[PDB]
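Following: one structure in structure tokens, then a few remarks.
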Amino acid sequence: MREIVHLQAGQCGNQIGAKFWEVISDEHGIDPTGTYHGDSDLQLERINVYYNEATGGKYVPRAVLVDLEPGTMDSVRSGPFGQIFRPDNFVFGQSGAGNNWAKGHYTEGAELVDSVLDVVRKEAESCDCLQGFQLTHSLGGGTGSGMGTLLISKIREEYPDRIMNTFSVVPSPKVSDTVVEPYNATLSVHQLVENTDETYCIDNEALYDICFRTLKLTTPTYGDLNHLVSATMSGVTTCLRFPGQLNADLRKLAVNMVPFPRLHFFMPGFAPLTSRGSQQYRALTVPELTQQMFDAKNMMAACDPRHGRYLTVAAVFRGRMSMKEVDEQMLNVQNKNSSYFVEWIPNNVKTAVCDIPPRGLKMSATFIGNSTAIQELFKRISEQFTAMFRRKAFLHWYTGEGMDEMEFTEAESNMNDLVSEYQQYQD
Amino acid sequence: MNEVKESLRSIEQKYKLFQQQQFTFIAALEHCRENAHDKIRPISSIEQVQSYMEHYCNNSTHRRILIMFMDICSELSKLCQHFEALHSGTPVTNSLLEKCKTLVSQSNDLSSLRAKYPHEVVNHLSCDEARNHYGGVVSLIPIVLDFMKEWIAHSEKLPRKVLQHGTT
Amino acid sequence: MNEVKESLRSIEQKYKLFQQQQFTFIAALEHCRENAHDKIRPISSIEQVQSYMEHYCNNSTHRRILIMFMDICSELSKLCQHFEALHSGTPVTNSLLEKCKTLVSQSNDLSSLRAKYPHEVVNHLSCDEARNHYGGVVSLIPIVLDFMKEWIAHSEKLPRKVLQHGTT
Amino acid sequence: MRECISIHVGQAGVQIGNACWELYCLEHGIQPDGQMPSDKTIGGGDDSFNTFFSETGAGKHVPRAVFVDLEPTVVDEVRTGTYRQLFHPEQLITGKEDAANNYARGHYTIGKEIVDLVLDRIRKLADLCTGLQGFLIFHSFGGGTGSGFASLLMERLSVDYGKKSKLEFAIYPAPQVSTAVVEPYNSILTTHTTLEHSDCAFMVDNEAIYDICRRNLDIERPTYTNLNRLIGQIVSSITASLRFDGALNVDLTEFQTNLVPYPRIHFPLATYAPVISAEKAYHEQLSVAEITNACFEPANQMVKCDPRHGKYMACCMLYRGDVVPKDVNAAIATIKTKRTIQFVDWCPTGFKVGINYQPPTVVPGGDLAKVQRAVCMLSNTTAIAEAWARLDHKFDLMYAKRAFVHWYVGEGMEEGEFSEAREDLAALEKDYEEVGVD
Amino acid sequence: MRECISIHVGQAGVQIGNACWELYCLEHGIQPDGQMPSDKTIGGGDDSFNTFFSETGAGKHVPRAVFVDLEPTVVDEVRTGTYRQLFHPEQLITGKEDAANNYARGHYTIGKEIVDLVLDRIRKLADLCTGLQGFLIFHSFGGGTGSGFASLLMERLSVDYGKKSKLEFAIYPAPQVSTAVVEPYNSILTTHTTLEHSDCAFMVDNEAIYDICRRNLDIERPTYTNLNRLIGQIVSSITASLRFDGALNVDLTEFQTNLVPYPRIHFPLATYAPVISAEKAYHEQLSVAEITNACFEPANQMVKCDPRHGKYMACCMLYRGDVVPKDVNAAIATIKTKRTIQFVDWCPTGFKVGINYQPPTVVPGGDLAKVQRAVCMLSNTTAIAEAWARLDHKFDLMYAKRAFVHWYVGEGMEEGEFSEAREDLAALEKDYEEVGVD
Ligand SMILES: Nc1nc2c(ncn2[C@@H]2O[C@H](COP(=O)(O)OP(=O)(O)OP(=O)(O)O)[C@@H](O)[C@H]2O)c(=O)[nH]1
Ligand SMILES: Nc1nc2c(ncn2[C@@H]2O[C@H](COP(=O)(O)OP(=O)(O)OP(=O)(O)O)[C@@H](O)[C@H]2O)c(=O)[nH]1
Ligand SMILES: Nc1nc2c(ncn2[C@@H]2O[C@H](COP(=O)(O)OP(=O)(O)OP(=O)(O)O)[C@@H](O)[C@H]2O)c(=O)[nH]1
């Protein structure tokens, strides 16, 4: 049948894949040991898109986890769900990248690529037909960016007929910890632009502000913020997983989304975010759902598109809902701000509803937006790159690995190409 | 005195969880049947179920989803022991008692006892295996269930004469 | 209660082994027969097999396969005394009691008691040695087996009336 | 004898086919097992079902439809459904992949390898059928997967058999609502490909369906259940003349011949007058005058075109239930006296009536009313060209910007077909206006 | 009277013969002891068995079939099975050495010392036989040990008895699946050595058997159990004419005379229409029109030859069950009217029809259907030439490099044999195309 196998890479992927997979497992009601507890016929039937089954009712995940430092994988294995992950999928190098993009792109990749390809093709032969692969990494990751670029380069021709879905968190515009993250991210996106199809953009300042906004609980964990983002990505996944008249396939969505190839950077959206007393202080109705989902602050990816306008929007709805409410909500938003849409296309609105409630909450939703707000983001990155390339800071490592400024010249030429691209289209 | 239906509501909620778990139940059952090799029989005795479960059950569900079926058929006997003594009973309650006593059995004739609307079990059921076999096996539970809820349905109308029949 | 059936299950797994080593027992029994010279007889009395054991048995297997048949015979012999007591029993149970008590006999007539489907032993029996001899001697074990099993089949059917018939 | 065969393409069409066949088995009293009670109806498959179901000596009906669907989800839902034992196992054709709303992807990539087996189903129905008056197909122009497969299949069956009737039924693209924007493309593609082979195309719209639902049914939260039920009663009304007889019978042959003055244009619209809530019809009364006023009411239409701007060509009124010729002809005479209705001067006669004495039937657990007198008003008018006007006004800008075309060209198509589609459309309007010109 | 001797050569064929007579004992109710129950059948030995089984006053039925295998393994396991008491002791010819797939090894090294014994067996069968119309040979073309021994024995039975018939049945080489590459070599040897003596040759291929199994028998894990079940049902159907009666009985001799237009080419192809799972059987209807459309469906036939590539010459339909010649001739008239099916101009008609009233029988532990009307389809068409075409383009480059030659040249052969066989198959193909051209 038709399934999905996942690539987990980078030290963010370390925690992110763990949280995401355990969220899925709890959503499907399996014990931490691994023996499913019979409660959901639909999920038992449809598990075959994500998990293979092992002797013992053990729906083994088809996720390939890769990094270099053994400590992270040791901690993950010691984690509550290390058992769900197999020694087969525990592949790693025995050294450190220094989070250097060039090192992780040419030096240690040169030795790990064979084995990682081996694992992924092992799973590929094991299964019949994929929609493709989705990746969890960050462009803000010194190792994730390089190794992910390597593997996408390896595979986009190997399976030229699939989905290259990617999940990546942009470093905080106010602070990037490392000073060379701009260089690493610039090179990474230079390779990503011609290869990928989908990229979900994430930022952590927005996560902190959401915590201060509705979580309001002072001291959560980065793991809990991963809980939230994993809930979002799980919601976008469940479309295939579950019934209800909505056209689920990620290609169904993408062909409906991307007006022209160069659009690969995307803004998610999510549904009820609830505080300590708002559970009993909330009237759970579709119209206020719509208001919250299209709030000015409910966005969580990059920044307020209030500067710019709207290109495409898709709204998926998880629970017991009807057609008329979402239809009239579309009408009402269209009438509320027809101006804030782009004239080249009306009805940027795309609708999809699954009739299966989430566990814990009855009716909810997810949203994905392609809007004109990433421009200021990569204008930032352009400015820092121009500044740091003006004096050529921190370059002797890259030279010693064997690169040159010529690469950066054409990469930033391409970035300016995308700059003018967006400015022409939405301006 | 009413607690029989208090237990019964949990039992029927389990039956609805089985309503979710019915195609899965037969999905495992057919793999069990292939391995047990006795395909020429209408499945009425749970001895076929035991022959199915003692072996080739290397996948989690293979044990639980079969064993709770024996668990519920034991639980119904636990309830029926309460009905056995209570009061002697009006003739209709008596008849319900004795027929349920008979129908509670290991290898009985509960093979092709298909029922009336709604009883969606055979409706949801697929094909020839379900129309030549898979008769009483899927419907015997609600049959006993309704014929035992009529037992309480006359209990509120049991007069002062019947309030003391076998309790005294 | 079901402890004896628990013991049977092992007994019939050893019978499954008997399927594996039955013809070899026949060949060793021949090796007994030539030196015994009681060749004009269909074998029915285990006194013949006791007359087999004591001599021309200087090669391990000769005793090893032979002896354990009487061990299982004495096993079921022990099993019958527990059945003897229980309760008086439902008429069919009592009739099976007399049947099992009657068949236990060392110098008995069990020589040509052929059985129905499947009972593959005569099917695997090769030639006229089994068409003039070798009849009930090879499946009298299933004959007590199936009927004592349908004895305990009515145990799940036993009412409160039959629960106390001879136990006190 | 009197039998037509139904195709249902698209997971959008699967639930509507399921609902209508459910309704059918209800009024026929078909037990969900597939067998009748002690009363005798079975034989060599010759009774009230022999038009729709096929119940041979085994005593189990065979619905004369095939549900083709690209995705396993809802087709396996119905494969787990209640009446699945009735449903033929591999008459529920299922695929593994999608058309991704892409017309060419659904028409070329995977169609070639499914069309052969579905043709085998068609011919293995054809051998047993005799009358084969035509086909009844549940689809949509904006098939997210059904559209392209439907186009290829329609072409294939048109070329293989060009003597029977082709009856296409679709949702229309909602004029001011769009759940997806590949639909403006695939719609015009299907249209320009189908105009020259399709026989009779009929159309509905969900927005006005809901508008009715809270206008007279007054339902504030209806569902697809009601949507499918109402399209089902529409098709039941059009098939009643086959189900039974009445005062005078008619047929799809007459439907075409009268309904079509001139070729190409075969796009009328149906309407059902006694749409009303149960309590309302409980405390009101029904008769010819009011049902005629209702079927001529300009807003009970489920297409966003205005008769007062259009100009009428055809009207067929199919009455089901109890009537007499006298009062009904009085009503229609009052109509043809009425000056608000503006037919062409071309047609002296523009009316065709078909009568059945049998009243419409209801469904347990339903929400409709106790109709003893119903009528379906199937009418064609010039008012429709506005929809294509709006659609071309939408499409010209999409085509000039050629958004989304990277995918279509990547899967391997070109631009000339997208051109000739719009000149076919422009042909459609240049044929719509001069005919309305009297 | 009516009776024949069956040959069963090859460890490929031993279990299939076992299964065939396992089926055979069912319909006559032959107990695994060898005696029917207390109903009077034992005596002079003249009833339905007298053709196949031999139940004298001793009361034990005795099949008129020969099981020959060159390896002790499977013959000893069946000599430890359940019907060995039925089986005559040494008609289960057991061999102590193997032919190594080498046709010349099994034709020269080992055959001589066993041909005498098999001759003695067949003569001490022929003495007791009276009618002894022919021999039903079950073998394999890529005979690992069924090739050379079969060739030598068929040569000897041909030379000693050229007055009666010989019925050859074997697995055709798998067109695109290779279990051995010595198989083509030994196959072409056997073919060219058989063309001049083989009377009625028929071939089987497992791939499409499996395809049928998961198409309509609906099994994802079938086995030889099912394979041999199908083939045994085929041969039981073809023996039904001798077994029982109907409207008419036709014999292998007429099968030959009509079915062969012209000598050499005696390689037709059998098929069974109502191959279907019991579930479809229960919830579907069976009759002449649909079963005939199925029997002319190009992919219901185990051989990977395309009839629409070829042109039909011969067809023979056998009807097991209750039917009427009315609908029989109606269906065949529809066939003749059909334009897709292209018989050659030479034959005006193409049918040979056979009827027996008794419906087919199911087996305990069986995966087949509850079929009432059955038809066997014995057809011959031009397209089959493609199989030998494929074999020869497999052959040519092998032959060019002379691979594995050391084996055969050392064991004692040379090139002239294979040299001959190539232009032999060339002659086969050229006469194929010559008769294809009119
Ligand atoms: N797992 C994890 N990642 C975090 C956390 N906080 C921030 N991150 C970011 O997630 C990014 C992506 O991780 P990787 O792709 O593995 O990064 P890398 O290639 O190893 O390079 P580094 O930035 O040095 O880690 C890191 O660069 C961090 O900036 C956290 O708490 N846990
Ligand atoms: N005919 C029909 N249409 C529906 C139904 N529900 C919603 N629709 C509308 O019909 C359209 C269905 O088109 P598609 O989504 O392309 O369906 P498809 O081609 O069969 O394949 P998918 O894209 O996988 O669904 C939707 O855009 C809705 O506007 C329904 O039950 N029946
Ligand atoms: N007729 C028949 N063929 C089979 C059967 N099972 C497998 N086959 C095919 O038939 C072929 C067997 O031929 P051989 O290997 O030459 O058998 P053989 O000539 O009797 O002697 P061996 O070399 O010992 O096997 C195999 O290649 C299989 O592909 C079966 O049950 N019956």
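Every chain in the structure tokens takes a letter, A first, then B, and so on in the order presented; its residues are numbered from 1, and the ligands are numbered from 1 following the presented order.
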Can you list every residue of chain C that has an atom at most 9 Å from chain E, with its nearest atom pair and the distance in Å to one decimal, using only C-alpha atoms, ordered by chain then number, as a Markdown table?
| residue | atom | partner | partner_atom | distance |
| --- | --- | --- | --- | --- |
| C:120 | CA | E:82 | CA | 6.6 |
| C:121 | CA | E:82 | CA | 8.2 |
| C:122 | CA | E:82 | CA | 7.9 |
| C:123 | CA | E:82 | CA | 4.2 |
| C:124 | CA | E:82 | CA | 5.0 |
| C:125 | CA | E:85 | CA | 7.6 |
| C:126 | CA | E:85 | CA | 6.0 |
| C:127 | CA | E:85 | CA | 6.5 |
| C:128 | CA | E:85 | CA | 8.8 |
request  = Name the residues in contact with range 209-212 of chain A at a cut-off of 9 Å, using only C-alpha atoms, excluding same-chain residues fewer than 5 positions from it; report them as a ChimeraX atom specification.
outcome  = /A:204,217-220,225,297-298,300
Those residues you just picked out, can you put them in a file as a tab-separated table (two decimals), in the first residue's frame with N, CA, C and O atoms?
chain	number	residue	atom	x	y	z
A	204	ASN	N	11.51	30.21	17.07
A	204	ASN	CA	11.40	29.92	18.49
A	204	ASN	C	10.96	31.13	19.31
A	204	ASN	O	10.36	30.95	20.38
A	217	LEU	N	2.23	29.93	31.73
A	217	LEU	CA	2.61	29.09	32.85
A	217	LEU	C	4.07	29.27	33.23
A	217	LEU	O	4.64	28.41	33.91
A	218	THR	N	4.69	30.37	32.81
A	218	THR	CA	6.06	30.74	33.15
A	218	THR	C	7.08	29.75	32.61
A	218	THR	O	7.79	30.08	31.65
A	219	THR	N	7.15	28.54	33.17
A	219	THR	CA	8.29	27.64	32.98
A	219	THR	C	7.86	26.31	32.39
A	219	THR	O	7.74	25.30	33.12
A	220	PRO	N	7.63	26.25	31.08
A	220	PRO	CA	7.53	24.95	30.40
A	220	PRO	C	8.89	24.47	29.92
A	220	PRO	O	9.91	25.12	30.19
A	225	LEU	N	7.26	22.82	24.11
A	225	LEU	CA	7.09	23.57	22.87
A	225	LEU	C	7.16	22.64	21.67
A	225	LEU	O	6.41	22.81	20.69
A	297	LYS	N	-2.29	37.10	16.08
A	297	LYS	CA	-1.19	36.52	16.84
A	297	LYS	C	-1.17	35.00	16.84
A	297	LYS	O	-0.18	34.41	17.28
A	298	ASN	N	-2.24	34.35	16.38
A	298	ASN	CA	-2.26	32.89	16.35
A	298	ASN	C	-1.20	32.32	15.42
A	298	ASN	O	-0.80	31.17	15.60
A	300	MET	N	2.35	31.38	14.07
A	300	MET	CA	3.45	30.88	14.89
A	300	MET	C	4.75	30.67	14.14
A	300	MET	O	5.69	30.14	14.73
key: Contacts of residue 111 in chain C at 10 Å (only C-alpha atoms; same-chain gap of 3+ positions) as a VMD selection string   = chain C and resid 41 to 45 108 114 132 to 140
May I have a table of the residues of chain A lying at most 10 Å from chain D, giving each one's closest pair of atoms and their distance in Å to one decimal, counting only C-alpha atoms, ordered by chain and ascending residue number, as CSV?
residue,atom,partner,partner_atom,distance
A:1,CA,D:96,CA,7.5
A:2,CA,D:96,CA,7.6
A:46,CA,D:73,CA,9.7
A:129,CA,D:96,CA,9.7
A:131,CA,D:97,CA,9.5
A:240,CA,D:73,CA,8.9
A:241,CA,D:73,CA,9.5
A:242,CA,D:73,CA,8.4
A:243,CA,D:73,CA,6.6
A:244,CA,D:74,CA,8.2
A:245,CA,D:12,CA,8.1
A:246,CA,D:12,CA,9.7
A:247,CA,D:144,CA,8.0
A:248,CA,D:100,CA,9.8
A:249,CA,D:100,CA,7.8
A:250,CA,D:100,CA,9.2
A:251,CA,D:100,CA,6.4
A:252,CA,D:100,CA,4.7
A:253,CA,D:100,CA,8.3
A:254,CA,D:100,CA,9.2
A:255,CA,D:404,CA,7.1
A:256,CA,D:180,CA,6.5
A:257,CA,D:404,CA,8.5
A:258,CA,D:404,CA,6.8
A:259,CA,D:404,CA,4.8
A:260,CA,D:404,CA,6.0
A:261,CA,D:406,CA,7.0
A:314,CA,D:179,CA,9.1
A:321,CA,D:223,CA,9.6
A:322,CA,D:223,CA,6.5
A:323,CA,D:223,CA,7.2
A:324,CA,D:221,CA,7.6
A:325,CA,D:221,CA,8.7
A:327,CA,D:177,CA,8.0
A:328,CA,D:177,CA,9.8
A:330,CA,D:177,CA,8.5
A:331,CA,D:177,CA,7.9
A:343,CA,D:397,CA,10.0
A:344,CA,D:397,CA,7.3
A:345,CA,D:398,CA,7.4
A:346,CA,D:394,CA,8.6
A:347,CA,D:178,CA,6.2
A:348,CA,D:181,CA,8.0
A:349,CA,D:179,CA,6.4
A:350,CA,D:179,CA,4.7
A:351,CA,D:179,CA,5.4
A:352,CA,D:179,CA,8.3
task = From a DSSP pass on the backbone, collect the residues of range 115-300 of chain A flagged as strand (DSSP E) and hand them back as a list in words.
result =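 DSSP on the backbone gives strand (DSSP E) at residues 129, 130, 131, 132, 133, 134, 135, 136, 137, 163, 164, 165, 166, 167, 168, 169, 170, 198, 199, 200, 201, 202, 203, 267, 268, 269 and 270 of chain A.
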Superposed chain B (on chain C, all in-order C-alpha pairs) as a compact mmCIF listing (two decimals) with C-alpha atoms, in the first residue's frame:
# COMPACT_ATOMS: atom_id res chain seq x y z
CA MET B 1 -11.78 -30.26 38.46
CA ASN B 2 -10.73 -29.70 34.84
CA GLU B 3 -7.24 -31.19 35.19
CA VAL B 4 -8.26 -34.44 33.48
CA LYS B 5 -7.98 -32.72 30.09
CA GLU B 6 -4.79 -30.96 31.22
CA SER B 7 -3.29 -34.44 31.58
CA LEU B 8 -5.12 -35.56 28.43
CA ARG B 9 -3.39 -32.95 26.27
CA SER B 10 0.03 -34.27 27.29
CA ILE B 11 -1.26 -37.80 26.67
CA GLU B 12 -2.41 -36.91 23.16
CA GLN B 13 0.86 -35.10 22.46
CA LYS B 14 2.49 -38.40 23.38
CA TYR B 15 0.04 -40.02 20.97
CA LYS B 16 1.30 -37.66 18.24
CA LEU B 17 4.88 -38.54 19.11
CA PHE B 18 3.63 -42.09 18.58
CA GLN B 19 2.14 -40.89 15.29
CA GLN B 20 5.76 -40.22 14.40
CA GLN B 21 6.65 -43.52 16.13
CA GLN B 22 4.00 -45.82 14.67
CA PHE B 23 5.74 -47.57 11.79
CA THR B 24 8.73 -47.83 14.13
CA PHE B 25 6.54 -49.39 16.82
CA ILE B 26 5.28 -52.10 14.47
CA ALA B 27 8.77 -52.37 12.94
CA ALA B 28 10.10 -53.51 16.31
CA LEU B 29 6.87 -55.42 17.00
CA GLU B 30 7.30 -57.66 13.96
CA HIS B 31 10.85 -58.63 14.89
CA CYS B 32 9.41 -59.41 18.31
CA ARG B 33 6.64 -61.49 16.73
CA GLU B 34 9.14 -63.52 14.70
CA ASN B 35 11.01 -64.37 17.90
CA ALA B 36 7.86 -65.09 19.95
CA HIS B 37 6.55 -67.42 17.18
CA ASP B 38 2.80 -66.78 17.77
CA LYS B 39 1.86 -65.32 14.39
CA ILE B 40 -1.64 -66.89 14.34
CA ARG B 41 -3.53 -64.39 16.48
CA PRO B 42 -5.17 -60.96 16.28
CA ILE B 43 -3.12 -58.89 18.72
CA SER B 44 -5.52 -57.66 21.42
CA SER B 45 -3.82 -58.68 24.68
CA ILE B 46 -0.73 -56.86 25.94
CA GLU B 47 0.46 -60.25 27.21
CA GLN B 48 1.84 -60.74 23.71
CA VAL B 49 3.67 -57.45 24.27
CA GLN B 50 5.20 -58.69 27.54
CA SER B 51 6.21 -61.97 25.87
CA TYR B 52 7.77 -59.75 23.21
CA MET B 53 9.71 -57.56 25.63
CA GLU B 54 11.10 -59.85 28.36
CA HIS B 55 13.63 -61.30 25.91
CA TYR B 56 15.72 -60.58 22.80
CA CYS B 57 15.70 -56.85 23.62
CA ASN B 58 19.41 -56.06 23.25
CA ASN B 59 18.92 -52.72 21.42
CA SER B 60 17.99 -49.61 23.46
CA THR B 61 14.63 -48.92 21.79
CA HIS B 62 13.48 -52.51 22.40
CA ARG B 63 12.69 -51.72 26.03
CA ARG B 64 11.51 -48.11 26.03
CA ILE B 65 9.20 -48.07 23.02
CA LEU B 66 7.35 -51.05 24.45
CA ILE B 67 7.32 -50.04 28.12
CA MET B 68 5.85 -46.57 27.58
CA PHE B 69 2.86 -48.31 25.99
CA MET B 70 2.17 -50.08 29.28
CA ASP B 71 2.98 -46.78 30.99
CA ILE B 72 0.24 -44.93 29.13
CA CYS B 73 -2.29 -47.73 29.61
CA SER B 74 -1.54 -47.49 33.34
CA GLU B 75 -1.82 -43.69 33.22
CA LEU B 76 -5.28 -43.93 31.68
CA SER B 77 -6.33 -46.17 34.58
CA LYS B 78 -4.94 -43.54 36.95
CA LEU B 79 -7.19 -40.97 35.28
CA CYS B 80 -10.21 -43.29 35.26
CA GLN B 81 -9.95 -43.77 39.03
CA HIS B 82 -10.74 -40.04 39.28
CA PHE B 83 -13.88 -40.52 37.16
CA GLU B 84 -14.86 -43.56 39.23
CA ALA B 85 -15.82 -41.61 42.36
CA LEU B 86 -16.57 -37.91 41.58
CA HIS B 87 -20.34 -37.56 41.25
CA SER B 88 -22.74 -40.40 40.46
CA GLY B 89 -23.49 -38.92 37.05
CA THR B 90 -26.15 -38.40 34.43
CA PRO B 91 -26.95 -41.64 32.52
CA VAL B 92 -24.73 -40.76 29.54
CA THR B 93 -21.73 -39.98 31.75
CA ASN B 94 -22.50 -43.18 33.65
CA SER B 95 -22.49 -45.25 30.45
CA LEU B 96 -19.19 -43.71 29.40
CA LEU B 97 -17.80 -44.55 32.85
CA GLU B 98 -18.86 -48.20 32.83
CA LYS B 99 -17.89 -48.90 29.23
CA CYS B 100 -14.45 -47.36 29.79
CA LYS B 101 -14.13 -49.37 33.01
CA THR B 102 -14.79 -52.53 31.01
CA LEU B 103 -12.51 -51.57 28.10
CA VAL B 104 -9.64 -50.86 30.50
CA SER B 105 -8.39 -54.44 30.69
CA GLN B 106 -5.32 -56.58 30.13
CA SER B 107 -6.54 -59.41 27.87
CA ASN B 108 -9.74 -57.94 26.46
CA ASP B 109 -11.61 -58.07 23.14
CA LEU B 110 -9.89 -54.94 21.76
CA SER B 111 -8.73 -56.71 18.61
CA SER B 112 -10.61 -55.52 15.50
CA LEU B 113 -12.33 -52.33 16.70
CA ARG B 114 -11.46 -50.17 13.67
CA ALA B 115 -12.95 -46.67 13.69
CA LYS B 116 -14.24 -43.87 11.44
CA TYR B 117 -12.57 -40.85 9.82
CA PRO B 118 -9.96 -39.57 10.34
CA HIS B 119 -8.23 -42.17 12.60
CA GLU B 120 -5.35 -42.37 10.12
CA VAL B 121 -3.70 -45.33 11.88
CA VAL B 122 -5.05 -48.09 9.63
CA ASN B 123 -4.82 -45.72 6.66
CA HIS B 124 -1.08 -45.35 7.21
CA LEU B 125 -0.95 -49.09 7.95
CA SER B 126 0.57 -51.20 5.21
CA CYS B 127 -0.87 -54.50 4.20
CA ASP B 128 -2.49 -57.83 5.09
CA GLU B 129 -0.92 -58.06 8.53
CA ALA B 130 -2.63 -54.73 9.26
CA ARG B 131 -5.93 -55.69 7.59
CA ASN B 132 -6.35 -59.14 9.17
CA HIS B 133 -4.53 -58.26 12.40
CA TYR B 134 -3.70 -54.80 13.79
CA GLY B 135 -7.27 -53.70 14.44
CA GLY B 136 -8.27 -52.43 17.85
CA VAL B 137 -4.63 -52.34 18.95
CA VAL B 138 -3.89 -49.15 16.98
CA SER B 139 -7.23 -47.37 17.53
CA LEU B 140 -8.27 -48.22 21.10
CA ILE B 141 -6.38 -45.25 22.57
CA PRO B 142 -8.21 -42.50 20.60
CA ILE B 143 -11.49 -44.41 21.01
CA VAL B 144 -11.22 -44.13 24.78
CA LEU B 145 -9.91 -40.59 24.33
CA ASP B 146 -12.90 -39.21 22.44
CA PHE B 147 -15.47 -41.17 24.43
CA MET B 148 -13.92 -39.69 27.57
CA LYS B 149 -13.85 -36.16 26.18
CA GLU B 150 -17.59 -36.43 25.66
CA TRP B 151 -17.65 -37.15 29.41
CA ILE B 152 -16.41 -33.62 30.13
CA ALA B 153 -18.47 -32.35 27.15
CA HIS B 154 -21.58 -32.85 29.30
CA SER B 155 -19.84 -31.71 32.50
CA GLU B 156 -20.23 -28.01 31.70
CA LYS B 157 -23.93 -28.72 31.04
CA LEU B 158 -24.28 -30.63 34.31
CA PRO B 159 -26.91 -28.58 36.18
CA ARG B 160 -27.11 -27.76 39.87
CA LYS B 161 -28.86 -31.11 40.38
CA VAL B 162 -25.89 -33.03 38.97
CA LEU B 163 -23.21 -30.85 40.58
CA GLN B 164 -23.92 -32.90 43.74
CA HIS B 165 -24.59 -36.57 42.95
CA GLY B 166 -21.70 -38.60 44.36
CA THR B 167 -19.59 -35.85 45.84
CA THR B 168 -22.20 -35.66 48.61
ask   = Please, which residues have at least one atom within 6 Å of an atom of ligand 1, using only C-alpha atoms and all ligand atoms, listed as a list in words?
value =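 Those residues are residues 10, 11, 12, 13, 14, 15, 99, 137, 138, 140, 141, 142, 143, 144, 145 and 222 of chain A.
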Secondary structure check, alpha helix (DSSP H) residues of range 48-162 of chain B, as a PyMOL selection string = chain B and resi 48-53+61-85+91-103+121-124+128-132+136-153+160-162
task = Give me, as an NGL selection string, the contact residues of chain A against chain B at a cut-off of 10 Å, counting only C-alpha atoms.
result = :A and (34-42 or 44-45 or 53-58)
Atoms kept (C-alpha atoms) for selection, written as a compact mmCIF listing (two decimals), in the first residue's frame:
# COMPACT_ATOMS: atom_id res chain seq x y z
CA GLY A 34 4.80 -1.19 22.47
CA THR A 35 1.78 -3.50 22.63
CA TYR A 36 -1.22 -1.65 21.22
CA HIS A 37 -4.42 -1.62 23.30
CA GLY A 38 -7.41 -2.27 21.08
CA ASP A 39 -9.53 0.88 20.96
CA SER A 40 -9.59 2.27 17.39
CA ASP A 41 -10.38 0.19 14.31
CA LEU A 42 -9.63 3.09 11.97
CA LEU A 44 -5.41 -0.05 13.51
CA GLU A 45 -6.33 -0.36 9.83
CA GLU A 53 4.27 -4.28 12.22
CA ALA A 54 6.59 -6.55 14.20
CA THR A 55 5.93 -9.83 15.98
CA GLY A 56 4.16 -8.77 19.15
CA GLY A 57 1.63 -6.24 17.86
CA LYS A 58 4.66 -3.98 17.59
query = Which residue, D:199, D:434, D:251, D:211, has the smallest gap to residue 265 in chain D when you use only C-alpha atoms?
reply = D:199
